[PDB]
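Geometric and topological summary
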Amino acid sequence: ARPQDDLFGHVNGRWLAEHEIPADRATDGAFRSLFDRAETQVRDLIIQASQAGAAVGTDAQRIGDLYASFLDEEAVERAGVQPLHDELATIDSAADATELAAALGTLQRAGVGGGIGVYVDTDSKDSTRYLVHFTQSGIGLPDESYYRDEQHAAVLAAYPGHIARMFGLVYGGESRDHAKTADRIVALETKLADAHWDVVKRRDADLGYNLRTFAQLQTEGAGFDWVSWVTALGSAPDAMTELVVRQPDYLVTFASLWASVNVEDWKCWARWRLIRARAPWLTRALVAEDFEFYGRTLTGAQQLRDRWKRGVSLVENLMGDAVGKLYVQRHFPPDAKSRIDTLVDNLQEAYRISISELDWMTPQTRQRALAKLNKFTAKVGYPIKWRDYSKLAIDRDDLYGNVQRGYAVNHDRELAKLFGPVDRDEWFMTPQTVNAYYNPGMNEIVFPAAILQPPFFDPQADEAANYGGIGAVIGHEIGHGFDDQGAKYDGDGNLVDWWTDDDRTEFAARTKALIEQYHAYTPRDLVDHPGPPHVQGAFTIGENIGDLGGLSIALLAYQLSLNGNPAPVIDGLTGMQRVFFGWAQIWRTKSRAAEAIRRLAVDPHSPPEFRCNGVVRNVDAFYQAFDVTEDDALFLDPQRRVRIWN
Ligand SMILES: [Zn+2]
């Protein structure tokens, strides 16, 4: 094809035909090609660290001996269920309810989901504090709607026959002896899911923020010993003096059920919380039978995952920064990190220029948009400081002890955040997750070193396509802070509106033309279908603005990178033209013909042949670069174009 007629078919015409989607894939994209390379290059890194033999105390030893304790499943059979019985004896030695709570927190430090979930995030009202959050997790089933809903009555009918068969595999004997205890478990989890919140109530952040003092928590949940619980977690009541109860009416009844239900019913319940947590880290009788309820009955999986697929997922859950640090000493070196800091600084300079020369917004709110970009951070690459795993011992011949110690060095790290203030470069995803977004509550882009891989950012090639590639994905995500979506968020992340009515109306009337452009677009594969499929242009309006504001800034940020010099021409291609060829190669994505019709109904992005082609029609720099005449398919008239920044 011709790039003035079809920019997408010029560089992906040799990819949309002669590349077939594999059978397990729904859609095979360039965003999904990085998922297959961040799961290969992490799996090839922990396999290499197991066959290396580093010194005891380093981090190539610690990931190398945790994965090799999982992959040697013959030594888990030699251990038996005897590592579980030493940890079940902590439940069985508990006479009163005080020692049952302190045994439960020692399980909860070591990786067992207890009765109250614990995570430590920021305050999000103060944001100079780290606070601890007391969620709901007291049930063995994934939702509240597996106990009362009539659709999920097949699961609760098959629930106590699974717990009786798992208790029979631990203590020995037949399932008729343990059907009495497994009916006491479901009768307590039904009483715990009576006070679970719904899914549509849990996302509402007005009732999901209830700041309590620790002296107020003991008077609220009277019937639980909270002091010996958090001491066994690895903290103190003078170390979490204020805390947020995420579900406050759940915590009143759960501590009321801790003192009203008999403690033998709670101890067989707490045995089951230990058994189904440690079920993938035990023998093949307990690995396979726990899959038959949790993968075959619930999710519907025909075969269990392999030992290496759960081996990498054990290392990634326990030590994500240790596998993060070795991913970026091989695949994202500091010459490629220092290359990408200039590119975001040029993108932050092009957003400083284009806001100041802007016409469609108020000059009182134009200075508000410069105050947000001065408060703008960018978590790009890897963190500036790693997390210390030096308090962690990993033995190669003990899989159950490593999971007890790897979950305890993660739980001691997040509960040590309560002493110091907020780092604000904490990096809640590791640098191998392919998830690049914009977080408006704290105002940054989070672009890890897996999205900064080719064909998005090749650091050895010419610098033109890195502005067209990851430099326009970044300007899409910086542009989500200055759109109609980002009008509700200021530079600190609070919910104040820095757009006036005039700005909203002008921005709406400028971007009114994109709805009539995108309503008349049909994917080339779905053109043959008898019922014409049309991109719902009023539904995909928020992402079509941001792809337009992403590319139009990265052409300016390329122009302030050359610093007056002409662009280098490689194989007859201008550097202004090579931004658009790097824009048209980050949407190497095809779908199946059945899934793409479902993509036009519910997916708020456009089809990926119209994120590329339907954005360069409205960019004035596309017409000068490719010499687009009047008789071309992407030739818009210049009065109907949408311009957001230039
Ligand atoms: Zn996106």
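- The deposited coordinates derive from cryo-EM, with the record listing a resolution of 3.1 Å.

**Re the overall build of the chain**
- Secondary structure summary: the chain contains 31 helices and nine strands in total.
- Here the chain has a C-alpha radius of gyration of 28 Å; the compact-globule value for 646 residues is 26 Å, and the two agree.
- Per-residue burial for the chain yields a buried fraction of 53% across its 646 residues.
- Excluding contacts between residues fewer than 6 apart, the proportion of contacts in the chain whose partners are at least 24 apart in sequence is 75%.
- Between the mean site of the 67 positive side-chain charges and the mean site of the 92 negative ones, the chain shows a separation of 1 Å.

**Observations regarding the domain arrangement of the chain**
- Each assigned domain of the chain is listed with its residue range as follows: domain 1 (1–28 + 332–383 + 423–646) and domain 2 (29–331 + 384–422).
- The gap between the C-alpha centroids of domain 1 and domain 2 is 39 Å.
- In this complex, domain 1 contributes 28 residues to the contact, which on the side of domain 2 involves 28 residues.
- Of the roughly 2,600 Å² buried between domain 1 and domain 2 on both sides combined, carbon and sulfur atoms contribute 54%.
- At the junction of domain 1 with domain 2, the criterion picks out three salt bridges.
- Applying the counting criterion to the domain 1 and domain 2 interface returns five residue pairs in polar contact.
- A breakdown of the residues in the side of domain 1 that touches domain 2 according to their chemical character gives 15 nonpolar, six polar and seven charged.

**Some words on helix α27 (residues 541–562)**
- Here α27 spans 33 Å end to end across 22 residues, near enough to the 32 Å set by a 1.5 Å rise per residue.
- With 20 of its 22 residues buried, α27 lies for the most part within the structure.
- Looking one or two residues beyond α27, the residue adopting positive phi is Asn 563, at roughly 60 degrees.

**Details of the environment of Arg 305**
- Turning to its location among the elements, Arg 305 is positioned in the loop between α17 (284–294) and α18 (309–318).
- Once the C-alpha coordinates of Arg 305 and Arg 396 are considered, the two residues, 91 residues apart in sequence, prove to be 22 Å apart.
- If we skip the residues at most four places from it in the chain, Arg 305 touches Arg 310 and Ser 313.

**Quick look at the side chain of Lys 379**
- Secondary-structure assignment places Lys 379 in strand β6 (residues 377–381).
- Within the structure, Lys 379 has its side chain in polar contact with the side chain of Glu 444 (distance 3.2 Å).
- Leave out the neighbours within four places in its chain, and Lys 379 touches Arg 424, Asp 425, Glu 426, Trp 427, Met 442, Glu 444, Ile 445, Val 446 and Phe 447.

**Digging into the pairing of strand β5 (residues 242–245)**
- Sheet topology note: the strand β3 (residues 130–134)/β5 ladder contains three bridges and is parallel. Bridged to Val 132 within β5 is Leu 243.
- Relative to β5, strand β4 (residues 211–213) runs antiparallel, the two sharing three bridges. When the sheet's bridge partners are listed, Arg 212 is paired in β5 with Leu 243.

**So, the nonpolar core**
- Core analysis: the biggest nonpolar cluster contains 116 residues, and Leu 7, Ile 63, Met 319, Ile 470 and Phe 580 have the highest contact counts within it.
- Residue contributions to this core peak at 11 residues, all from α27.
- When residues of this core are assigned to domains, at least three map to each of domain 1 (1–28 + 332–383 + 423–646) and domain 2 (29–331 + 384–422).
- Discounting residues that sit within four places of it in the chain, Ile 470 has contacts with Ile 340, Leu 343, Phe 447, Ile 451, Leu 452, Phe 456 and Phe 457.
- Judged by nonpolar contacts, the second largest core, of 67 residues, contains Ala 94, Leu 100, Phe 254 and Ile 275.

**Examining the sheet that holds strand β2 (residues 118–122)**
- Read across the open sheet, the four strands follow the order β2-β3-β5-β4; overall the sheet is mixed. The open sheet has two free edges, formed respectively by β2 and β4, since each of these has just one partner strand. Each neighbouring strand pair of the sheet contributes to a mean axis angle of 40 degrees, computed without reference to strand direction.
- Strand direction decides the pairing type here: β2 and β3, joined by five bridges, are antiparallel. The partner of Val 120 across the bridge, within β3, is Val 132.

**Structural notes on the packing of helix α20 (residues 334–356) against helix α24 (residues 470–479)**
- Between α20 and α24, the shortest axis-to-axis distance is 10 Å and the interhelical angle comes to 45 degrees. Here α20 is positioned oblique relative to α24, judged by the angle of their axes. As for how α20 packs across α24, the hand of that crossing is right-handed. Together, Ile 340, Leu 343, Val 344, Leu 347 and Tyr 351 of α20 and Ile 470, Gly 471, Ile 474, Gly 475, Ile 478 and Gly 479 of α24 make up the contact between the two elements.
- Across the contact of α20 with α24, the residue classes tally to eight nonpolar, three polar and no charged.

**Overview of the layout of surface pockets**
- Empty space within the second largest pocket amounts to approximately 1,300 Å³.
- If you go around the second largest pocket, you meet 35 residues; those closest to its centre are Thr 122, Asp 123, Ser 124, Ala 205 and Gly 441.
- Elements represented by at least two residues in the lining of the second largest pocket include exactly β2, β7 (437–439) and β8 (444–448).
- Among the elements that take part in the lining of the second largest pocket, β2 stands out by supplying three residues, more than any other.
- Along the lines of polarity and charge, the residues of the lining of the second largest pocket split into 13 nonpolar, nine polar and 13 charged.
- A domain split of the lining of the second largest pocket shows at least three residues from each of domain 1 (1–28 + 332–383 + 423–646) and domain 2 (29–331 + 384–422).

**Overview of helix α8 (residues 97–109)**
- For α8, with 13 residues, the first-to-last C-alpha span of 18 Å sits near the 18 Å given by 1.5 Å per residue.
- Elements in contact with the buried residues of α8: α7 (82–92), α14 (226–233), α15 (248–260), α16 (263–277) and α22 (399–414).
- Directly after α8, the chain includes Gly 111, whose backbone phi takes a positive value near 110 degrees.

**As for the packing of aromatic side chains**
- Applying the stated criterion across every chain yields a total of 38 aromatic pairs.
- Seen from their ring centres, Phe 580 and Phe 622 are 5.5 Å apart, and the 90 degrees between their planes marks the pair as edge-to-face. Highlighted residues: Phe 580 in helix α28 (residues 577–583) and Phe 622 in helix α31 (residues 620–626), separated in sequence by 42 residues.
- What links up through ring pairs into an aromatic cluster is the set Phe 134, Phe 224, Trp 226, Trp 229, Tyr 250, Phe 254, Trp 258, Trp 266 and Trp 269.

**What about the packing of helix α10 (residues 160–171) against helix α11 (residues 179–192)?**
- Contact pair α10 / α11: the axes reach a minimum separation of 8 Å and the direction vectors enclose 130 degrees. Of the possible angle classes, the one that applies to α10 and α11 is oblique. Two packed elements cross with a definite hand, and for α10 against α11 that hand is right-handed. Here α10 contributes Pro 160, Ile 163, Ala 164 and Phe 167 to the contact with α11, which in turn contributes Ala 179, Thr 181, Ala 182, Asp 183, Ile 185 and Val 186.
- Per-class residue counts for the contact of α10 with α11 are eight nonpolar, one polar and one charged.

Conventions and cut-offs
Each chain carries its own residue count, running from 1 in the order of its written sequence; this scheme can depart from the entry numbering, and residues that have no coordinates do not appear. Derived side-chain values reflect all non-hydrogen atoms in the structure, with water molecules and hydrogen atoms excluded from consideration. In this description a helix means any DSSP run of H or I spanning at least four residues, a strand means any run of E spanning at least two, and both kinds are numbered starting from the N terminus. Restricting the calculation to C-alpha atoms gives the radius of gyration, and the globule rule supplies 2.2 Å times the number of residues raised to the power 0.38. Burial here depends on accessible area, computed with a 1.4 Å probe over protein chains only, as a share of the maximum for the residue type. Under 20% is buried, over 50% is exposed, and the range in between is partly exposed. Two residues form a contact once any of their heavy atoms are found within 4.5 Å. Counted as positive: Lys and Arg. Counted as negative: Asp and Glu. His and the chain ends are not counted at all. Here the site of a charge means atom NZ of a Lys, CZ of an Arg, CG of an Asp or CD of a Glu. Domain segmentation is taken from an automatic or database assignment of domains. Reported buried area values correspond to the accessible surface (1.4 Å probe) lost by two parts on association, with both partners' losses combined. Whenever a carboxyl oxygen of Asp or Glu lies within 4 Å of a side-chain nitrogen of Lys or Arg, that contact is scored as a salt bridge. The term polar contact refers here to a pair of N or O atoms within 3.5 Å; inside protein, the definition further demands a hydrogen-donor-capable atom paired with an acceptor-capable atom, and it admits residues adjacent in sequence only when both atoms are side-chain atoms. Any residue that is not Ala, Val, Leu, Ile, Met, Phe, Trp, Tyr, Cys, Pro, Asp, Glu, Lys or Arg is counted as polar, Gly included; the first ten are nonpolar and the last four charged. In a helix, the anticipated span is given by 1.5 Å times the number of residues less one. Being paired, for any two strands, means DSSP has found at least two bridges between them. Nonpolar cores are built from buried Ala, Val, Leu, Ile, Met, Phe, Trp, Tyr and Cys residues. Side-chain atoms within 4.5 Å join them into one set. Working convention: axes come from line fits to C-alpha atoms, limited for helices to the stretch in contact. Angles between N-to-C directions cover 0 to 180 degrees. An angle below 35 degrees is treated as roughly parallel, one above 145 as roughly antiparallel, one from 65 to 115 as roughly perpendicular, and anything else as oblique. Each crossing is labelled by how the near helix is turned from the far one, with a counterclockwise turn of less than a right angle marking it left-handed and a clockwise turn marking it right-handed. Only protein atoms enter the 1 Å grid used here. Points where a 1.4 Å probe fits but cannot escape make up a cavity, open sets with protein on both sides within 12 Å along at least five of seven lines make up a pocket, and a residue lines them when an atom lies within 4 Å of a point. Grid points are joined across faces, edges and corners, and a volume is the space filled by probe spheres set on the points. Ring geometry is summarised as follows: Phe, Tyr and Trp rings, the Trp one being its six-membered ring, pair when their centres sit within 6.5 Å, and such pairs are stacked at plane angles under 30 degrees, edge-to-face over 60 and tilted between the two.

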